[PDB]
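Take a look at the structure set out below.
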Amino acid sequence: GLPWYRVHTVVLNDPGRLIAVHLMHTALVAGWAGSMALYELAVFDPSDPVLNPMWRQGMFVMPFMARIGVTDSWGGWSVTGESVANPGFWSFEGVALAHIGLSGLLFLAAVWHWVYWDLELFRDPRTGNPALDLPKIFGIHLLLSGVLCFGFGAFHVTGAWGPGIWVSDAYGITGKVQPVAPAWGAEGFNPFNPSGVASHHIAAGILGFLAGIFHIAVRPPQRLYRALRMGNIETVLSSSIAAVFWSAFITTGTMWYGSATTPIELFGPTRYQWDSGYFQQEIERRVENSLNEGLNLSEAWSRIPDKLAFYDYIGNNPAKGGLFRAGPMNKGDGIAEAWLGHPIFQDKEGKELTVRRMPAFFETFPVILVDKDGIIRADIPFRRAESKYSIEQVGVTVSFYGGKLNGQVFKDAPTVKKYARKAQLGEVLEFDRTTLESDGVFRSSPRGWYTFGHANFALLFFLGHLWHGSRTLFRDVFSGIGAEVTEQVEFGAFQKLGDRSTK
Amino acid sequence: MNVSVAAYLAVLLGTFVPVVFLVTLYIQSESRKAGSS
Amino acid sequence: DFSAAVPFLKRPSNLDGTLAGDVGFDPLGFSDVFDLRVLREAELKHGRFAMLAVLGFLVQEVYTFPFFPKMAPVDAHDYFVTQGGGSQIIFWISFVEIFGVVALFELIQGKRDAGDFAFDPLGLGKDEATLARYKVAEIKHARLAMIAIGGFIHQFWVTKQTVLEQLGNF
Amino acid sequence: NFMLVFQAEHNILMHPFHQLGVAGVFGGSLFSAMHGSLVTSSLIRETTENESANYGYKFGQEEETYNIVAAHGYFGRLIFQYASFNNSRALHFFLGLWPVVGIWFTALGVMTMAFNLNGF
Amino acid sequence: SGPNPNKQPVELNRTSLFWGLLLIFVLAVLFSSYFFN
Amino acid sequence: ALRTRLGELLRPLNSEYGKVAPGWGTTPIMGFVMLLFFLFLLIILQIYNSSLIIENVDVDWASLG
Amino acid sequence: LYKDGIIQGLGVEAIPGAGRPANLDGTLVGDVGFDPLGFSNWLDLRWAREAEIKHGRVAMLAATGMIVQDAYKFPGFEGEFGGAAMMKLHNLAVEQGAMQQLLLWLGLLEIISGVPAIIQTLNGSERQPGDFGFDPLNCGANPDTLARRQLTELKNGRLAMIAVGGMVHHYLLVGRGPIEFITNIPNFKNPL
Amino acid sequence: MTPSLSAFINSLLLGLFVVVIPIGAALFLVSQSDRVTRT
Amino acid sequence: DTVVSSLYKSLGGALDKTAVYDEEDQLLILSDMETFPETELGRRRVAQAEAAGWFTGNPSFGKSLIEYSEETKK
Ligand code: CLA
Ligand code: CLA
Ligand code: CLA
Ligand SMILES: CC1=C(C#C/C(C)=C/C=C/C(C)=C/C=C/C=C(C)/C=C/C=C(\C)C#CC2=C(C)C[C@@H](O)CC2(C)C)C(C)(C)C[C@H](O)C1
Ligand SMILES: CC1=C(C#C/C(C)=C/C=C/C(C)=C/C=C/C=C(C)/C=C/C=C(C)/C=C/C2=C(C)CCCC2(C)C)C(C)(C)C[C@H](O)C1
Ligand SMILES: CC1=C(C#C/C(C)=C/C=C/C(C)=C/C=C/C=C(C)/C=C/C=C(C)/C=C/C2=C(C)CCCC2(C)C)C(C)(C)C[C@H](O)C1
Ligand SMILES: CC1=CCCC(C)(C)[C@H]1/C=C/C(C)=C/C=C/C(C)=C/C=C/C=C(C)/C=C/C=C(C)/C=C/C1=C(C)CCCC1(C)C
C-alpha cells in the first residue's frame with residue numbers, strides 16, 4: 001500500500017483535509033509556544049537582571065516576547081528590572097494562555113475541517129474535481145501578508161498603536177521597549193539601526209499589498225504555468241521550503257553576528273564582542289576618562305557598572321558551550337553573585353602585567369602574563385624545573401580595584417596565581433555553584449542554540465527543497481520510466497535533447 | 001559518575017516511542033493482510 | 001490623428017475632444033488606462049480646491065481675521081491643527097466627501113456627469129452656450145490654480161515671504 | 001587514541017598508501033551513490049502510484065528491473081560518452097575493484113609503518 | 001461529509017520493521033553516552 | 001458537496017483554476033523586477049559584510065549609542 | 001533624399017568594395033552605407049536614428065556650449081562659479097543647482113515628449129525618428145530645403161559629437177577650455 | 001558617493017559589459033545561425 | 001500606445017488578457033506498465049524452482065498490501 005514515508009500524501013489532493021492538517025500543525029505550534037512560556041515562567045528567576053539576566057537562565061522563547069513588547073509579568077516584575085504595579089493582560093502569562101487557547105481553537109477547527117471536507121469551495125466549477133486556484137490564493141495570502149507587515153511596521157513597531165520594540169544602547173546597559181520612528185534612507189539599512197525595522201515593515205508591507213493586488217488580478221502566463229507546474233501544489237511546497245531555508249539562514253546570520261533585532265541583554269553577547277574586546281575597550285576608556293577627571297584607580301573602577309563588567313567575561317561567550325552540555329548557562333560556571341573588581345598585576349618592581357585572555361577556540365589556555373609591549377614576563381609553568389618566567393622568580397602581586405574585593409593588595413605568589421587563572425577568563429566574578437549544582441563546564445547562550453538549530457534546519461530544508469522541486473518537476477515519471485525513454489536517450493538520435501521533432 | 005537524570009527518560013522514551021510506532025505499523029499491516037484473505 | 005497640444009504625439013484615443021479644455025494632452029496616457037470620467041472628476045475637485053486655496057492665500061495675507069492671530073498662510077495650518085479649527089474644517093470636508101463617494105458611485109454607473117454637482121445656486125451659467133464657455137473657463141482656471149497654490153506654498157518654504165511680500169521684495 | 005598516536009609517530013596522512021585508502025573509501029562512496037542513483041533513476045514502470053516502486057521488482061524474475069541504456073545515456077550526457085561504462089559486468093568489476101584495492105593499499109601501508117617506513 | 005476517496009492503506013513489511021528497530025536501537029546506543037554526560 | 005455561506009462568499013476566489021494568460025505574458029517585467037531585487041539583496045549583503053561602506057551607515061554595535 | 005545617389009543613398013559607399021549592409025537601403029537619411037560592425041542587423045534603425053539625432057542635438061548645444069561658456073560667462077552665474085569651466089563647472093554647478101534644475105526640466109521634457117514619442121514611432125507612428133515638431137519660424141517649407149536640412153542636422157551634429165568629446169578629453173589632459181585650447185596651442189608648456 | 005559605492009556600481013557595469021552582454025550576444029548569434037531542423 | 005498603456009496596466013498584465021484555461025493535468029503520474037514476454041528458458045527455470053518449492057510457504061512475499069489484497073480477492 002502506501003509506505004510509512006508517503007502517508008501524508010493522501011491529503012495532497014484534498015484541500016479541505018489539507019486545511020485540516022495545517023490547522024492541526026498550527027494548533028500544535030501555538031500550544032508549544034504557550035507551554036514553553038509557562039515552563040520558562042515556572043523556572044525563571046526575575047530577581048537579579050544585571051548578573052542573572054534572562055539569557056543566563058536558558059530563556060529561549062521569552063526574549064522573543066520581550067523583543068517586541070511583552071516585558072511584564074502578572075507576578076509584579078519586569079525583565080527590565082522594574083517592579084510592575086498594575087500589569088495588563090498582555091504579560092508573559094497572558095501571552096502563554098492566549099497561545100494555549102488559540103491552540104485549542106485551532107484544534108477544534110482542524111476537527112471540523114477533517115470531518116467536513118467535501119465543500120463546494122474546493123471543487124472546480126469547470127470540471128467539478130477538487131482543485132485550488134493557487135496563483136490567486138497566493139495573491140490573497142500576499143495581500144494578507146502585506147497588510148500585516150504594514151500594520152506591524154506602522155502601528156506596533158512605531159508605537160502609534162502599540163508598545164514599540166526593544167531598543168538598547170551600544171553596550172546593553174540601558175535597554176527597554178520603546179517606539180522607534182522609521183528611518184527612511186540609507187541609515188535604515190544599517191542592521192544595527194532599530195529604526196530600519198519600522199521603515200522596512202511599512203514600505204515592504206506596502207509593496208506586498210500592491211503585489212497582492214497584482215496576483216489576484218493578473219493570471220499567470222501559460223509559459224511559466226507549464227514550466228513551474230503552477231497547477232501542482234508541490235511547486236508551492238518546493239518554493240515555500242526554498243524561501244523558508246533562505247529566511248532561516250538570514251536569521252541565523254543576524255543571530256550569530258548580531259543586529260538591532262537581537263539585543264545582547266535578550267540573547268547574550270556575541271562571540272565577536274569578545275574577540276574584538278568590545279566591552280574591554282569600553283571599560284578601559286571609561287576608567288581612562290575617569291582618571292583624566294582626577295579620580296584614582298579605586299574610584300575609577302568603582303564607577304564601572306556590574307552589568308558592563310559582566311559582559312566582559314568569556315563564560316558569557318556563546319562560542320564556549322558544548323553540543324551536549326545541556327541546560328542554563330548558570331548550570332556551568334554558576335549563578336553570578338558579585339564582581340570582584342579589576343585585578344591589576346603589579347610585578348615585583350611595579351610594572352603592570354596583564355594575563356593574556358583565553359580565545360574562544362581553546363578549551364584550555366596556558367596562563368601567561370604578557371608585558372605592556374607583550375614580551376612574556378611571568379606565567380604558571382607546566383615544568384617547574386629550569387623555569388625562567390615563574391611568578392616566584394619574577395615576583396607578582398594582585399591589587400584589586402573596584403568590585404567587592406576593592407582596595408585589597410594580595411602579594412603572595414599562590415593568591416596571585418589563583419587570580420591569574422581567573423583573569424585569563426576576562427573579568428573575575430563570584431559564582432554560586434550550589435543552587436543548580438553547577439559542574440564547572442561552560443554552556444551556550446540562547447544565541448548559540450538558536451544559531452545551531454536554525455543552521456541545521458536551514459541545511460535540512462535545502463535538502464527538502466531539492467527533493468520537492470525534483471518531485472514536482474518529475475511528476476510524470478514518479479512510478480518509473482516507460483519504453484519511450486529508450487528511443488530519445490540514444491546518442492545522436494535527435495538533434496535537440498528530449499525533443500523528437502528534431503530528426 | 002555524575003550523570004544526568006532526564007537523560008534516562010530521554011534515551012528510554014526516544015527508543016520506546018519509535019519502536020512501538022514501528023511495531024504498530026507492522027502489526028496493523030499484517031492484520032490487514034490476514035483480514036483480506 | 002495627432003493632438004494639437006502635442007503635434008509629434010498622436011491624439012489620445014479616449015480624449016475625443018468633447019470634454020471642456022480637452023486639447024488632446026495626455027502624453028503618458030492615463031485616459032487609455034482608466035475611466036476618463038473619474039479622472040475628470042478628480043481634476044475638477046482638485047482644481048476647485050486649488051482655486052479656493054489660491055484666493056485664500058492672498059486674502060489671508062491682506063486680511064487675517066481679528067479673532068485669530070496673524071500668521072502667514074503656511075504657518076497657520078500648524079496653528080489650527082491645535083487651535084481646533086483645523087479639525088472642524090477637515091471634519092466637514094470629510095462629511096461632504098462621503099456624499100462625494102455616493103456621487104462617484106453614481107458616476108461609475110453613468111448616472112452623473114464628471115465634475116458636475118448641479119451647483120448653480122444663482123443660475124450663473126444657465127445658458128447652454130455660456131455653460132460651455134464657463135466650463136472651459138472653469139477647467140483652465142482650475143489647471144492654473146493647481147500650479148499657483150503649489151508655487152505659493154513652496155515659495156514660502158524657500159523664502160519666508162508671503163507671496164504678496166516676496167513679490168514686493170525679491 | 002590509536003589513530004592520533006599513529007599519526008604522531010608515523011605521519012600516516014602523508015603516507016601515500018593511506019591516501020590511496022582515502023581515495024578508495026571516498027571513491028567507493030561516490031560510485032555507490034552514483035550507481036544506486038542511476039539504477040534507481042531508470043527503474044522501469046511496474047508499479048502504481050499508491051505503491052512503493054520497489055514492489056515493481058519480483059524476486060527471481062528473468063527481466064532487468066531498469067533500463068541500462070537510459071542510465072548509460074544520461075551519464076554520458078552528464079560528463080562525456082566515453083567515460084560511461086556501457087558494459088554492466090565491467091561496471092561491477094570496477095565497483096568491486098576500487099574499494100578493495102584502496103583498502104588493500106592502506107592495510108599494506110599500516111603493515112609497512114609497523115616496521116617504521118613512515119609517510120613523507 | 002461521507003467517505004473520503006483519498007483513503008489509502010499503510011504498510012510496513014517485516015524487513016522494514018527490522019530495519020527501523022535496528023536504526024532506533026543503534027541511535028539510542030550512540031546517543032545515550034552523550035545524553036547522560 | 002456541501003454548500004455554506006462562507007463557501008458561497010469565497011467561491012469566486014477559487015473559480016479560475018487552470019486559467020492561464022496566453023504566451024509569455026508578464027514574464028519580462030517579472031525578470032526586470034527579479035534583477036532589481038537581486039541588486040537590492042546584493043547591496044544589503046555587501047553593506048553588512050562591510051564590502052560596501054555607505055556614508056552615515058555604520059555597521060557596528062557602537063552605532064546604537 | 002538630398003542628392004540621393006550623389007551624397008547619400010544606395011550608390012554611395014563609405015567603405016567601397018564592402019557591401020552596403022543588408023538593412024541599410026536608401027530611405028534613411030545620412031546613409032552612406034557605413035555600418036562596419038554590423039549593428040544594423042541587430043538594432044532598430046528607428047531607435048538608432050532617434051539616438052543619432054538626439055545625440056547630435058545635445059552635442060551641438062553642448063559644443064557651442066563649451067565654446068561660448070569660455071567667452072561670455074553670464075555674470076551672475078559667473079560670480080557663483082568663479083570662472084570654472086567644463087567639468088569643474090559641472091561640479092560647482094551641480095552645487096548651485098543649476099545642473100539640478102536642468103536635469104529636472106530636461107528629464108520632464110523627456111518623460112513628457114521623448115519617451116511617449118519613442119513608444120509611438122517604434123510602433124507605427126508616422127512621426128519619423130527625431131521628428132518632434134519644431135518649426136517655430138517654419139524655417140523650411142520646401143520638401144527640398146528640408147532634405148538638405150536633415151542631412152545637415154545629422155552631419156553637423158556628428159562633427160558635434162566628435163568634438164564635444166575632443167574638447168572634454170583635451171580638457172582632462174590639459175587644463176584649457178576649448179577657446180583657450182587653440183590659443184596656447186601646444187598646451188603643454190603648462191598643463192593648466 | 002563613497003569609494004566603495006563607486007567600486008560597486010563599476011563592478012555591476014563591468015559584469016554587464018564583460019560577462020553578461022558578451023555571453024548573451026554570442027548565444028543569440030550562434031542560436032540564430034546554427035538552427036535545428038524540423039522544429 | 002502610451003507610457004501607462006505600454007505597461008498595459010489597463011490591459012490586465014502588460015501582455016496579459018483573455019486568458020485560456022491550461023489543459024494538461026499537471027498532477028498526473030503515468031501508469032503505462034510494461035509486459036515482458038516469458039521465454040522458454042524462463043518457463044524451464046520456474047518449473048525447476050516450483051519442483052524445488054520456491055513458490056510456496058510465503059504467498060505474500062514481494063507484494064504490497066494493495067497488490068496482495070487484490071490478488072486474494074481474485
Ligand atoms: C526604505 C525602506 C526599507 C528599509 C529601510 C529596509 C530595511 C531593511 N531591509 Mg528591506 N525591504 C524593503 C524596504 C526597506 N528595507 C522592501 C520594499 C522590500 C521588498 C518587500 C524589502 C525586502 C527585504 C528583504 C527580503 C530583506 C530585507 C532586509 C532588510 C534589512 C537589511 C539589514 C539587515 O539586517 O540585513 C540582514 C540581511 C541581509 C543583509 C540579507 C542577506 C541576503 C543574502 C544574499 C542571503 C544569502 C543566503 C544563502 C542561502 C546563504 C548560503 C551560504 C551559507 C549557507 C553559508 C533592513 C531591516 C533583510 C532582512 O530581513 O534582514 C534581517 C532581508 O533579507 N528587506
Ligand atoms: C531550535 C529551537 C530551540 C532552541 C534554539 C532551544 C534552546 C534552548 N532550550 Mg529548548 N526546546 C525546544 C526548542 C529549542 N530550544 C523545543 C521544541 C522544546 C520542547 C520539547 C524545548 C524544550 C526545552 C526545555 C524543557 C528546556 C529547554 C532549554 C533550552 C536551552 C538549553 C538547550 C540544551 O541544553 O540543549 C541540549 C540539547 C541536546 C543534548 C541535544 C542536541 C543535539 C541533537 C539535536 C540531538 C539529536 C538526537 C537524535 C534525535 C537521535 C536520538 C536517538 C534516540 C533513540 C535516543 C536553550 C536556551 C532548557 C532551559 O534552560 O530552559 C529554561 C530547558 O530546560 N528547551
Ligand atoms: C513544511 C515542509 C514540508 C512538507 C509540508 C512536507 C511534506 C511531505 N514530505 Mg517532506 N520533507 C521536508 C519538508 C516538508 N515535507 C524536508 C525539510 C525534507 C528534507 C529532510 C523532506 C524530505 C522528504 C522526503 C525525502 C520525502 C518527503 C515526503 C513528503 C510527503 C509525505 C511525508 C510523510 O508522510 O511523512 C511521514 C513521516 C512520518 C510518519 C514520521 C517522520 C518522523 C521524523 C523523521 C522525525 C520526527 C519529526 C518531529 C516530530 C517534527 C519535526 C519538527 C520540524 C520543525 C522540523 C509530504 C508531501 C515524501 C514524498 O515525497 O512522498 C511522495 C518523501 O519521500 N519529504
Ligand atoms: C536636444 C534635446 C535635448 C536637450 C538638451 C540640452 C543639452 C539642453 C540644454 C539647455 C540649457 C543649457 C539650458 C539652460 C538654462 C538656464 C537657465 C534657465 C538659467 C537660470 C538661471 C537662474 C534662475 C539664475 C540665477 C542666479 C541666482 C538665482 C543667484 C545669483 O547669485 C546668481 C545667478 C544670477 C546666476 C533633450 C535631452 C531634452 C532631448 C531632446 O530630444 C532634445
Ligand atoms: C507638507 C505640509 C503641508 C503642505 C502642503 C501643501 C498644501 C502642498 C501643496 C503642494 C502643491 C500643490 C504642489 C504643486 C506642484 C506643482 C508642480 C511641480 C507643477 C509643475 C508643472 C509644470 C512644470 C508644467 C509644465 C507644462 C506642461 C505639462 C504643459 C504646458 C507647458 C508647461 C507649462 C511647460 C502643510 C503646509 C499643511 C504643513 C504640514 O505640516 C505638512
Ligand atoms: C561632466 C563630467 C565629466 C564628463 C564628461 C563628458 C562631457 C564626456 C564626454 C565624452 C565624449 C563625448 C566622448 C567621445 C569620444 C569620441 C571618440 C573616441 C570618437 C572617435 C571617433 C573616431 C575614431 C572616428 C573615426 C572615423 C573617421 C574620422 C573617418 C571615418 C570613419 C570613422 C571611424 C567614423 C567627467 C567624466 C570628467 C566627470 C565630472 O565629474 C563630470
Ligand atoms: C524529538 C525532537 C526532535 C527535534 C527537536 C527536539 C530535539 C526539541 C525534539 C522535540 C520536537 C518537537 C516537535 C516537540 C514539540 C512539542 C509539541 C508540539 C507539543 C505540544 C504542545 C501543545 C499543548 C500542550 C497544547 C495545549 C492545548 C490545550 C490544553 C487545549 C485545550 C482546549 C481545547 C482542546 C478546546 C478549547 C478550550 C481549550 C481549553 C483551550
Side-chain angles (χ1 to χ4, degrees), chain A residues 6 9-15 18 122-139 215-216 218-240 242 465 467-489 494 496-502, chain D residues 41 43-45 47-50 53 70, chain E residues 5-6, chain F residues 13-28 30-31, chain H residues 36 38-39, chain I residues 12-13 15-34:
Chain A
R6 313 265 188 73
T9 62
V10 300
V11 76
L12 189 137
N13 202 36
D14 197 342
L18 183 59
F122 311 133
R123 299 205 93 91
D124 187 13
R126 178 163 52 86
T127 48
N129 296 317
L132 285 171
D133 192 12
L134 290 163
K136 177 173 275 152
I137 296 157
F138 175 55
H215 279 108
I216 298 164
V218 171
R219 298 298 308 165
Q222 190 167 26
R223 305 284 279 198
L224 298 185
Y225 193 96
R226 305 213 319 286
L228 275 75
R229 321 303 292 168
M230 294 183 158
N232 188 357
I233 193 162
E234 194 156 2
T235 294
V236 186
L237 179 48
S238 160
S239 320
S240 308
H465 154 69
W467 173 244
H468 292 123
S470 86
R471 274 180 44 71
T472 184
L473 299 183
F474 294 74
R475 180 98 181 161
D476 64 304
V477 293
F478 165 88
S479 298
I481 55 155
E484 71 284 341
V485 181
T486 200
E487 60 166 350
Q488 62 178 346
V489 78
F494 305 147
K496 182 186 176 178
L497 211 57
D499 209 316
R500 54 189 66 264
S501 59
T502 47
Chain D
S41 167
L43 291 181
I44 294 157
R45 201 176 303 113
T47 279
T48 57
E49 37 178 296
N50 327 294
Chain E
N6 309 120
Chain F
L13 305 181
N14 196 20
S15 49
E16 306 168 60
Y17 169 81
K19 205 169 145 208
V20 309
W24 277 111
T26 66
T27 308
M30 192 195 77
Chain H
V36 284
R38 192 196 159 76
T39 313
Chain I
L15 206 71
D16 170 34
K17 220 64 167 311
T18 76
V20 284
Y21 270 94
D22 180 278
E23 71 281 5
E24 171 165 23
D25 182 18
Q26 298 181 351
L27 274 169
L28 166 52
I29 297 155
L30 307 165
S31 66
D32 316 344
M33 303 177 227
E34 181 167 7

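The figures here come from the full heavy-atom set of this structure, side chains too, leaving out hydrogens, waters and symmetry mates. Numbers restart at 1 for each chain; the letters A, B, ... are given by sequence-line order, proteins then strands.
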At what distance, to the nearest 0.5 angstrom, does [atom1] of [X] lie from [atom2] of [Y]?
{"X": "A:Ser479", "Y": "I:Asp32", "atom1": "OG", "atom2": "CG", "value": "10.0 Å"}
{"X": "F:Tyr17", "Y": "I:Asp22", "atom1": "OH", "atom2": "CG", "value": "8.0 Å"}
{"X": "D:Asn50", "Y": "A:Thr9", "atom1": "CG", "atom2": "OG1", "value": "8.0 Å"}
{"X": "I:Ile29", "Y": "D:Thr48", "atom1": "CD1", "atom2": "OG1", "value": "9.5 Å"}
{"X": "F:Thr27", "Y": "A:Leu224", "atom1": "OG1", "atom2": "CG", "value": "3.5 Å"}

Self-check item: Side chain to side chain, A:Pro221 and F:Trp24, heavy atoms closer than 4.5 Å
Solution: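 Heavy-atom side-chain distance check fails, nothing below 4.5 Å.
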Quiz item: Going through the distances and angles, do A:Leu12 and I:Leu27 end up as a side chain to side chain contact (heavy atoms under 4.5 Å, CB included)?
Solution: CA-CA 10 Å; A:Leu12 189 137; I:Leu27 274 169; 3.7 Å; yes
Exercise. May I have the step-by-step check of salt bridge (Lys or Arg N to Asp or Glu O under 4.0 Å) for A:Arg500 and A:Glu487, ending in yes or no?
Key: CA-CA 9 Å; A:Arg500 54 189 66 264; A:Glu487 60 166 350; 2.8 Å; yes
Identify the heavy atoms of [X] and [Y] that sit nearest to each other, and give their distance.
{"X": "D:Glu49", "Y": "A:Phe478", "value": "O-CE2, 3.7 Å"}
{"X": "A:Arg475", "Y": "I:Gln26", "value": "CG-O, 3.8 Å"}
{"X": "A:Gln488", "Y": "A:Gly498", "value": "OE1-O, 3.5 Å"}
{"X": "I:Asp16", "Y": "A:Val218", "value": "OD2-CG1, 3.2 Å"}
{"X": "A:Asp124", "Y": "A:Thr127", "value": "OD2-OG1, 2.9 Å"}
{"X": "A:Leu473", "Y": "A:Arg229", "value": "CD2-CG, 4.2 Å"}

Do the side chain of [X] and the main chain of [Y] share a donor and acceptor less than 3.5 angstrom apart?
{"X": "A:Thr502", "Y": "A:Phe494", "result": "no"}
{"X": "A:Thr486", "Y": "A:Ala483", "result": "no"}
{"X": "A:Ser238", "Y": "A:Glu234", "result": "no"}

Quiz item: Just checking, A:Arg126 and I:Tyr21: is the charged tip under 6.0 Å from the six-membered ring centre and within 45° of the axis?
Solution: yes
Practice problem: Apply side chain to side chain contact (heavy atoms under 4.5 Å, CB included) to I:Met33 and D:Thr47, showing your working. | Solution: CA-CA 7 Å; I:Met33 303 177 227; D:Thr47 279; over 6 Å; no
Quiz item: Between the side chains of A:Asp499 and A:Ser501, is a donor N or O closer than 3.5 angstrom to an acceptor N or O?
Solution: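 Indeed, the side chains of A:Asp499 and A:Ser501 share at least one donor-acceptor pair under 3.5 Å.
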Quiz item: Are side-chain N/O atoms of A:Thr472 and A:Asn232 paired as donor and acceptor at under 3.5 Å?
Solution: yes
Donor-acceptor contacts under 3.5 Å from residues 129-136 of chain A side chains, at least two apart:
| unit_1 | atom_1 | unit_2 | atom_2 | d |
| --- | --- | --- | --- | --- |
| A:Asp133 | OD1 | A:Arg219 | NH1 | 3.0 |
| A:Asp133 | OD1 | A:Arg219 | NH2 | 2.9 |
| A:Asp133 | OD2 | A:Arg219 | NH1 | 3.0 |
| A:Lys136 | NZ | F:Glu16 | OE2 | 2.3 |

Self-check item: Steps toward side chain to side chain contact (heavy atoms under 4.5 Å, CB included) verdict (I:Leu30, D:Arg45)
Solution: CA-CA 9 Å; I:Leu30 307 165; D:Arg45 201 176 303 113; 3.5 Å; yes
Quiz item: With sequence neighbours left out, what residues match A:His468 under ring-ring contact (aromatic ring centres under 6.0 Å, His included)?
Solution: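 Testing A:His468 for ring-ring contact (aromatic ring centres under 6.0 Å, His included), a comparison that skips the adjacent residues, returns none.
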